[PDB]
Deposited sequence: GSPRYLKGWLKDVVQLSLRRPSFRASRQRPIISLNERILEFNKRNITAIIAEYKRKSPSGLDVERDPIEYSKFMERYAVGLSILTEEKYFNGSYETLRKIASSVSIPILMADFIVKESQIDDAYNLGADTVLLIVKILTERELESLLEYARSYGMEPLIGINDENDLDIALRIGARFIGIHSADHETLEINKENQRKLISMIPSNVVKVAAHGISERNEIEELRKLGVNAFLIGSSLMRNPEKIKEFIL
C-alpha cells in the first residue's frame, strides 16, 4: 500500500516543471509556528483554515478568495492556500492576491520538489511552505528545509506514518503536520514528537470534540479545509 496515488504522481510531474513566478512581496514574514504558540498561551483554539476550490476527493466550491480570507482573518491562526493547479484548482495569482490583503500568516500548500517553488512562495507573499516527506528523498528534504529556513520560514513538514516521522525528526524539523482520511497509531505518532516541535493535526477533523481530544494530547493546531470551504461559519463551532 505504499504507492503514490495516480493524482499525486501526476502532480509531481507538474511540480517539476512548474514555471517560477516573478514578483515582490508586500510585507515581511509573519511566523505561523510562533503565532500558534501565542494562541496556545492564550488558550485559544488554533485553526489553519485552508482555501481550495477543488480536491481529488471531489470538493467543488466556488467561493471568492478575498472574501474567504477576510472572514478567516477574524478567527484562524493562519491560512493554507492551495497552489496546486490541476486537482485543487489553486494558483499563484490567487495566493498573491490573498497575501496582499491579509496580515495573518499564510502557508503555501503545494507539492514542492524544487527550490524555485520555495522562491515562488516567498515572492508571492507566503510566510511558510508545506514540505511532504513522502514525495522527497531524505537528502532533498533536508536541503529544502534549510532552503526554506534561509528565508526565515520554518516549513510545515507533512508526515503520514511513523517512517515519515522518523525522517522529519532525524533532520530536525520544528513544525510537523500529522496527516492520516486508527486511534493508537495517531496517539503513538503524536507522543514521539519533542516538546519544542509545534504539531499540527492535518485533515481528518470534522467536529469540535476531536479537536478537544487532540488538544489534550498536546496537538498545537489543526489544519482544516473542506468543511470550512463549504461553510466558513463552521470555524466558530470549532474554536468554541
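Enquirer: Where are the gaps relative to the deposited sequence?
Expert: Residues lacking C-alpha coordinates: 1 to 2, 183 to 184, 186 to 190.
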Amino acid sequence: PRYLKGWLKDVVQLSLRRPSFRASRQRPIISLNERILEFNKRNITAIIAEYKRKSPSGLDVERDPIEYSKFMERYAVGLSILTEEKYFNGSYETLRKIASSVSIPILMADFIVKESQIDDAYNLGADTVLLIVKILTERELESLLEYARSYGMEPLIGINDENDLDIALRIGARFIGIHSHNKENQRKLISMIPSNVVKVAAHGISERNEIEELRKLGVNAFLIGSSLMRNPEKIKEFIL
From here on, numbers count along this sequence of modelled residues.
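Enquirer: Taking the recorded C-alpha temperature factors, which stretch has the higher mean, 65 to 73 or 182 to 190?
Expert: The recorded data point to 182 to 190.
Enquirer: Using only the Cα atoms and their B-factors as the entry lists them, report which of 166 to 174 and 119 to 127 averages higher.
Expert: The deposited B-factors put 166 to 174 ahead on the C-alpha mean.
Enquirer: Which is it among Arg27, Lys199, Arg35, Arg53: the one with the largest CA B-factor in the entry?
Expert: Answer for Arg27, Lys199, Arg35, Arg53: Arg27, with the highest C-alpha B-factor.
Enquirer: Going by what the PDB entry lists, where does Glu146 fall on CA B-factor within its chain: lowest, middle or highest third?
Expert: Within its chain, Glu146 is a lowest-third residue by C-alpha B-factor, going by the deposited values.
Enquirer: Lowest, middle or highest third: where is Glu84 by C-alpha B factor in its chain?
Expert: Ranked within chain, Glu84 CA B lands in the lowest tercile.
Enquirer: Please rank the C-alpha B-factors of the chain's modelled residues and tell me whether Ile135 sits in the lowest, middle or highest third.
Expert: For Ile135, whose C-alpha B-factor we compare with every modelled residue in the chain, the answer is the middle third.
Enquirer: State the tercile, meaning the lowest, middle or highest third, of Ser20 with respect to the CA B-factors recorded for its chain.
Expert: Its C-alpha B-factor belongs to the highest third of this chain's values.
Enquirer: Compare the C-alpha B factor of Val219 with those of the other modelled residues in its chain, then answer lowest, middle or highest third.
Expert: Its C-alpha B-factor belongs to the middle third of this chain's values.
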